[PDB]
Amino acid sequence: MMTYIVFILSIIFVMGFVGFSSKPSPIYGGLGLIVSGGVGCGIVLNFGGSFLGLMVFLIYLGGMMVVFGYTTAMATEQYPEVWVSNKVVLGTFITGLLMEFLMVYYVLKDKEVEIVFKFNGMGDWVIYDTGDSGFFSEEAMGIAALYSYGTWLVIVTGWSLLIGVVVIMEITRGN
Amino acid sequence: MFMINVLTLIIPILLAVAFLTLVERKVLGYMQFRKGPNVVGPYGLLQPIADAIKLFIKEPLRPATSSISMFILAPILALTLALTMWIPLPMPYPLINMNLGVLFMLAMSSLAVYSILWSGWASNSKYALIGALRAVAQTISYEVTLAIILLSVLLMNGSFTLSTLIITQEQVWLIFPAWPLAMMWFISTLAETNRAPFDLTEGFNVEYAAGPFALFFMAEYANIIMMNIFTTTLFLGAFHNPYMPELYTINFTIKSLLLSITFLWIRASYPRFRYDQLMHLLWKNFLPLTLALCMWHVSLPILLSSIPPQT
Amino acid sequence: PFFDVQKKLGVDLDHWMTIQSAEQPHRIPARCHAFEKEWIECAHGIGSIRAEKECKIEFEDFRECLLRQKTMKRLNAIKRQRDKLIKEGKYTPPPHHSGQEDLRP
Amino acid sequence: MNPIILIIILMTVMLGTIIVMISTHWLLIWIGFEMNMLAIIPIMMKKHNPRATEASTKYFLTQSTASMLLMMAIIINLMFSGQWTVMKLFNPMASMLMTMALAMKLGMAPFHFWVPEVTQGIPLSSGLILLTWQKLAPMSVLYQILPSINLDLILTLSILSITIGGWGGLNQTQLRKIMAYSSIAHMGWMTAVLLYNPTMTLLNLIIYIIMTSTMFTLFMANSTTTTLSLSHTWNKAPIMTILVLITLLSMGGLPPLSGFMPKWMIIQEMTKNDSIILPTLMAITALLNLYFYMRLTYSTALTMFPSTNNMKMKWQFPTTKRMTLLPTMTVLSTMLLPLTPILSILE
Amino acid sequence: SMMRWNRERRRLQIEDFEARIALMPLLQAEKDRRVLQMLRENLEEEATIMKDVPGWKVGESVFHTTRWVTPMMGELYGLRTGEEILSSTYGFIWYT
Amino acid sequence: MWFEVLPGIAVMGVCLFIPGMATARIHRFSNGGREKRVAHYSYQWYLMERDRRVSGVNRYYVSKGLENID
Amino acid sequence: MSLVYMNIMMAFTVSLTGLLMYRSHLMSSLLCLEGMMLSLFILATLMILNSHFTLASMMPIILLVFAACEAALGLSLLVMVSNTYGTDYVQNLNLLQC
Amino acid sequence: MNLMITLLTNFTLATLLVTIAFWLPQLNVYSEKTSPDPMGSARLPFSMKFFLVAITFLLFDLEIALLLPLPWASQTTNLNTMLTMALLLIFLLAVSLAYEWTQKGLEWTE
Amino acid sequence: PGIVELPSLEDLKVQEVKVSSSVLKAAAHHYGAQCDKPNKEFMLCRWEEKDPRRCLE
Amino acid sequence: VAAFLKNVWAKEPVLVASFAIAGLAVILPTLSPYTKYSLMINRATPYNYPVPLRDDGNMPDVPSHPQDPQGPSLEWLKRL
Ligand SMILES: CCCCCCCCCCCCCCCCCC(=O)OC[C@H](COP(=O)([O-])OCC[N+](C)(C)C)OC(=O)CCCCCCCCCCCCCCCCC
Ligand SMILES: CCCCCCCCCCCCCCCCCC(=O)OC[C@H](COP(=O)(O)OCCN)OC(=O)CCCCCCCCCCCCCCCCC
Ligand SMILES: CCCCCCCCCCCCCCCCCC(=O)OC[C@H](COP(=O)(O)OCCN)OC(=O)CCCCCCCCCCCCCCCCC
Ligand SMILES: CCCCCCCCCCCCCCCCCC(=O)OC[C@H](COP(=O)(O)OCCN)OC(=O)CCCCCCCCCCCCCCCCC
Ligand SMILES: CCCCCCCCCCCCCCCCCC(=O)OC[C@H](COP(=O)(O)OCCN)OC(=O)CCCCCCCCCCCCCCCCC
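Protein chains in written order, with my numbering: chain A, -10 to 164; chain B, 140 to 450; chain C, 6 to 110; chain D, 266 to 612; chain E, 75 to 170; chain F, 26 to 95; chain G, 94 to 191; chain H, 967 to 1076; chain I, 22 to 78; chain J, 3 to 82.
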């Protein structure tokens, strides 16, 4: 059960996009994309990609999806919902989320194990710890090489970010 | 055995947050020439327990919520991110010893504005939504200088490891080569938690009951104690004997208490900023100095041949 | 329009990230350094049309090093036969695959 | 707009296209397309009216979808090849995705549904950039990946682009939408001859850019955006009257003009490769483009003339507008056919 | 102070790395005997499992070359228990 | 007077002292009277699993010295 | 091909189908577009960490940064639409039919 | 593994305290109350300044995302190139800040 | 393809160094000093042959 | 160029401090003698294995044992 955990997260990841590709609201759309970002980050972190998972949290979720929720909250005029005493205002939430985990556990059925067991990855998929690397994360040093090897990449990226600042300030003027 | 360690982290956090209210009211009492609470318990030691039992049986306001799910998930996220910021903190050895604990804490604190934003949209008020948007803009503003100051200090560390930050400061405190980063870091952590003189929420989560307000309240104070401990580890790092870890634990405890009382002593001393005045403080005062000191702490270990070890 | 400025002027703007067998930091190998090196040294300079049909063995070794589809197929076959024999009761697992043998070093 | 900021943004557009043109790496291809889009978004919003914001929104959505499909094609190439050289693709799934994404960036049918809208929403110089400069980078990537491009898919997109760019020009009085459907038809023409001779792709591209630039420069010289506003050119500047229309007789594809130079050469490369039906059908549809654009030619050089009285005041003022390269581009878009074997410089 | 102490910490890092370098021949020889032990065990249990299946060369490579291929995690730990697979492939990642 | 704040400060200081003392004692309890092994890098984890294999009781923190060689 | 890569591709195509069937809002379009970007990040990261190809580890961050800047541009476009009509509705964006 | 257990315990304690904070005063049969702020029925006007500071956060946060591997890049052999590109990124962050300054972008939230 | 020639279990048996990693790290620098020659001949054979099967003895 | 400097130090000391710190961060790594030692320490830090060479017969600059005279030595790093 514990072996297939990345695969399990990937299934949840797929289900997470069905949370918001059906598009119930842009606000619940942002909420589903935040949950999907967290579980895809779990997929990244379970291959030893620690810095890239923390870039998912720090830059994608805490950097950009904050701005998406911020711009969404400056639009789409709100309206109240059901606000009866606690047999509705939290009990329906708990029964709905228990049905959501019921849906998560419900898809691991006989139509799934014909794909899981015929194409068993866990046992031979996650091979990032194949031998020794040394005193360094290879992924950390590969990201560190952006400054010595990636001179042109850093030039065009910083130029695109400066042009991004200029472009946003020109189009958001109205004059 | 590990679950025992998680409980012995998280239960004393909640007890320390409970008695921080007593320490705040007593220290703000004596600084305002008055006394703080002394009637309820002996010298006030039952005032947090009485306040907690009062807030946890107070009537829910029957809130006209714009959403159920964000109304529930804002205190849940607030408490979860209040607790999970503590697990890489080296005291002198953390609960979760990870190689990127600094970046982990920066990420989990950058995720902490969703509790504000979801509390704001989960209210029906447009005024509460405007206050929440102002608070979110303030917090993500000061997260910029959190990240740049933190990067500039860790150019002397070698890596994002918090336990390595104890090894870095065994000869000198890191406030000596980095005191402008220290003072701007301290004002930036003051402005993260919406703490005075940056508390324009008392100048967004009032849609909640008194119980969920106590949850946001205790998450805010856990963030206050946590950022004081993180500043203590980051600039005033204590001596560590590996055969007696209680020397380091008592030393950073005393320094963390002094820095938390320094928050309590700042809030009883200054008027509040106007909102554009603290946006002026960030974007026009702290950010040029912070970028210049980032350039300085990049280029300075290269010119002094003091580049810290990677491992 | 492929204006090869990087070969005209003699600059290295993006050749270093292109293949796995290039100069990596701290001499880290890729997982398929030998297979990609052999596909590149086979298919070098002869063009794509000859490279498709005259270096297919090295290219399939490198593709199978990347995806490991034949190796996962073989391991699924052996594990399926092992599961069927444990289910039939015609086979017993060894002690060195059950966890009672006090590993080598 | 601040003119220094305009110069910086236009050099950033040119820089993004150059980064797509010179790079041996797929990440820099994607970076150059991102830089090109990011920089061209304020060019569309030069006037700050709601039609430009709508046009920029539609352009952002289509080009962003094409950029993400391009990155998915790059990622699938890195699966099945483990490398990053801008060369042939090593999966026909990644080949199909990159062909679809470059057809979206060019606005080839059935991804053409943003081209007559956005060109309608923006000014004439930004439409000139959108229909001349923004073709150069995806056609360069198509030039560099043609050993993997599926034959049936590129021919389907080519003939569908030529038919839809043909039947789009009937119901239009707007000059910019007519230039947009002419764009769609000519991109079908360029990608028709791509897997047979890409030198004729570059010849068709250069002749198309010269003719489109002549037409948009004439539209900027006369400040006319509709057919009915173009119809007053005979009374204001009579030398402007025919140059638009011999350039548009070129754009239809008609001898002895140089706009007959691409299509004929395209047919000249497709009857070599034993395709007789397909260039026949495509150039019959080009005659349908001649049908509608010749109706516009009849509109301007003939029947629907009449003027208004305020035109009498415009007679007392010359054009102080910069008609930059307009005599040069008008000569190069008509009289280049006796120099047709110059095309060997595009090998 | 940070100058003197970062220089001393760099000297200590070089001392630890030279300890690693002095130990790497023994660790590499034990790693070679480790992987060859496990592949010989997988080969013998493959030879005693794949009897009923026709057309099965035991120990047949999937690569057409005869060069030594660095073995995958399933070529070593495939026919073993699940806890050893977990300690092999998520041990370093899940370690605290 | 001013020393009246000291019982609350003392209680809060004990509440901050308990987690660090607790995790130090648990690390010494679960690792044979010593510190927990820090494996930030692949070499540290490789030596750690080599210790776990040479100890024979599936525990990395049982150190086998010169008595295990002849 | 492989399994978890097929899952990340399935998420990419699901967010593509959500990006190709608009319901009401432009923010829904930008969210489906950034879910596509997220799935591209995840799949690129798993490939680059799988092959141990070291220099490409800076590539997903690059794939983040540009595209996040791209999202910023999209948000600004939405804002200007919401400054003209009051809503971000895609049916207010139909003046270019003529 | 220990991290997932710790996150799960923190999430369980958070959900438990929220559940106690909602269900414990709903034992009370206090009163069902009626008759439902600085606006009564006003819509929300958009503010351009808040969106400008949000996008300014996002663009400088991307520049910080580039600046993050510097404590690792200090360990490289090509220190002249590394120092030039580090100073170039922080200088471009400063040029973005100066352009945000002079075009009145930092005004009324300065 | 050809059958990969894995050596036998008897060709792999050796008297192991059954000491822990702190024993090896405390005894690291003197081991690098005094056990230089067979260690470097082994690692030269290991980087030249690129195959542990030919690097056994 | 001096009265302007006193004026900007009076009005805006934050930007003067920022431009002074940034200017020193630019110029001082080149005006320093200790900058080369950063390069030397980062290139003498052994992250990999020092793979030995087959002795062909004529290599005087390459030692046979770590305790030999020839070879790159770090006496400067130990002493400084
Ligand atoms: C880590 C432990 C704690 C660390 C120390 C912090 C504890 C002390 C806290 C005290 C109480 C704070 C109360 C709230 C403060 C908020 C208000 C405030 O102070 O705002 C910041 C104020 C703001 O100033 P202001 O608001 O008065 O400015 C007005 C600005 N105009 C004119 C544009 C309107 O100051 C700063 O921003 C300075 C930050 C620190 C600068 C450090 C510079 C170091 C020296 C550099 C070199 C200079 C010389 C040149 C080169 C020479 C080379 C030889
Ligand atoms: C609205 C929903 C509910 C809201 C409240 C709850 C969710 C939000 C608050 C909690 C956020 C959870 C964050 C989880 C990951 C944190 C980052 C991380 O794992 O960093 C630590 C570490 C990297 O450090 P390193 O030392 O390199 O690793 C060991 C290497 N020897 O890496 C490791 O140690 C890796 C350990 C294994 C991987 C852990 C995966 C966790 C499960 C997936 C994500 C779960 C959350 C999904 C939803 C998020 C919504 C924001
Ligand atoms: C193998 C081949 C490789 C590729 C070869 C080269 C391809 C070149 C493609 C050129 C595309 C050019 C697009 C337009 C120029 C870009 C900048 C621009 O738009 O400048 C026009 C400028 C704007 O001024 P503005 O004030 O905005 O005017 C609007 C009203 N206020 O001013 C005006 O609006 C004034 C009006 C006249 C503008 C004329 C611009 C003509 C430029 C193209 C010339 C022909 C193409 C180059 C030569 C042949 C090569 C294909
Ligand atoms: C890490 C440090 C954490 C420290 C946390 C605790 C801080 C406070 C420390 C203790 C402070 C004093 C506590 C006692 C206050 C006074 C209680 C009392 O005696 O109240 C009297 C009241 C009336 O009773 P009656 O008999 O009528 O009196 C008339 C006289 N014959 O009778 C009653 O009220 C009934 C008896 C009630 C007794 C309650 C005592 C307090 C309970 C505290 C619980 C938590 C303690 C810590 C737990 C974790 C550590 C073990
Ligand atoms: C070359 C080294 C690297 C340089 C790049 C990195 C710098 C790090 C800091 C980045 C700062 C980014 C933002 C800078 C904006 C500058 C323009 C500016 O602020 O102009 C306005 C200001 C007048 O003030 P005012 O408009 O009233 O302010 C509003 C509140 N009252 O005008 C002023 O206050 C004048 C400010 C400009 C002149 C400052 C001169 C400082 C000189 C220090 C000594 C010499 C340092 C050597 C380098 C030369 C620098 C000029």
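All residues carry an ideal CB built from backbone N, CA and C; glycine is no exception.
query                                                                                                                 : result
Same chain, Cβ closer than 7 Å to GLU1066 (chain H), five either side skipped, listed in chain order                  : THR1022, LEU1072
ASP99 (chain A) - containing alpha helix (DSSP H), residue span                                                       : 99 to 105
Given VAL283 (chain B) as reference, the closest of B:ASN424, B:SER445, B:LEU212, B:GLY180 once Cα atoms are compared : B:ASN424
Proximity test, Cβ basis, 8 Å: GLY259 (chain B) and chain A                                                           : yes
Sheet register partners of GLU134 (chain E) (DSSP bridge)                                                             : I:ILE24
Residues sharing a beta bridge with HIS451 (chain D), DSSP                                                            : Partner(s): none; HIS451 (chain D) has no beta bridge.
CB contact check: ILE33 (chain C) to chain G, cutoff 8 Å                                                              : yes
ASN574 (chain D) in three-state terms, based on DSSP                                                                  : coil
Beta-carbon neighbours of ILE154 (chain G), restricted to chain D and to distances below 8 Å                          : Neighbours of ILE154 (chain G) on chain D: none; closest Cβ ~11 Å, over 8 Å.
Short CB-CB distance (under 8 Å) between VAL79 (chain F) and chain I                                                  : yes
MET455 (chain D): CB within 7 Å of a non-hydrogen atom of ligand 3                                                    : no
One or two residues paired with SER262 (chain B) in a DSSP bridge                                                     : B:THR204
Contact set between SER329 (chain D) and chain G, taken where Cβ atoms lie within less than 8 Å                       : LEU126, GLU163, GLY167
Interface partners of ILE167 (chain E) on chain A, CB under 7 Å                                                       : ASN35, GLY37
CB of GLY240 (chain B) within 8 Å of CB of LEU301 (chain B), strictly                                                 : yes
Alpha-carbon spacing of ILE339 (chain D) relative to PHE402 (chain B), whole angstroms                                : 52 Å
Interface flag, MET94 (chain G) vs chain C, CB-CB below 8 Å                                                           : yes
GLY45 (chain F) CB to nearest heavy atom of ligand 4 below 7 Å                                                        : no
Within chain B, the residues that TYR51 (chain J) reaches when beta carbons sit closer than 9 Å                       : Within chain B, no residue comes near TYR51 (chain J); the closest Cβ sits about 16 Å away, beyond 9 Å.
Endpoints, alpha helix (DSSP H) assigned at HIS67 (chain J)                                                           : Note, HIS67 (chain J): premise wrong, no alpha helix (DSSP H); not H, not E.
CB contact check: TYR360 (chain B) to chain H, cutoff 8 Å                                                             : no
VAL18 (chain J): CB within 7 Å of a non-hydrogen atom of ligand 5                                                     : yes
Residues that DSSP places opposite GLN439 (chain D) in a beta bridge                                                  : D:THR491
DSSP state of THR350 (chain D) mapped onto helix, strand, coil                                                        : strand
Limits of the unbroken alpha helix (DSSP H) element including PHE355 (chain D)                                        : Segment: none, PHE355 (chain D) is in no alpha helix (DSSP H) and carries neither H nor E.
The stretch 288 to 305 of chain D / the stretch 347 to 354 of chain D touching (three or more Cβ pairs under 8 Å)     : yes
Any C-beta of chain J under 8 Å from that of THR1043 (chain H)                                                        : yes
Top-ranked residue by Cα proximity to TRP44 (chain C), from C:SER26, C:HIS31, C:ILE33, C:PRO30                        : C:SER26
Sequence-distant residues of its chain with Cβ nearer than 6 Å to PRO100 (chain C) (five each side left out)          : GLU106
Closer than 7 Å: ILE471 (chain D) CB and nearest ligand 3 heavy atom                                                  : yes
Minimum Cβ-Cβ distance from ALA276 (chain B) to chain H less than 8 Å                                                 : yes
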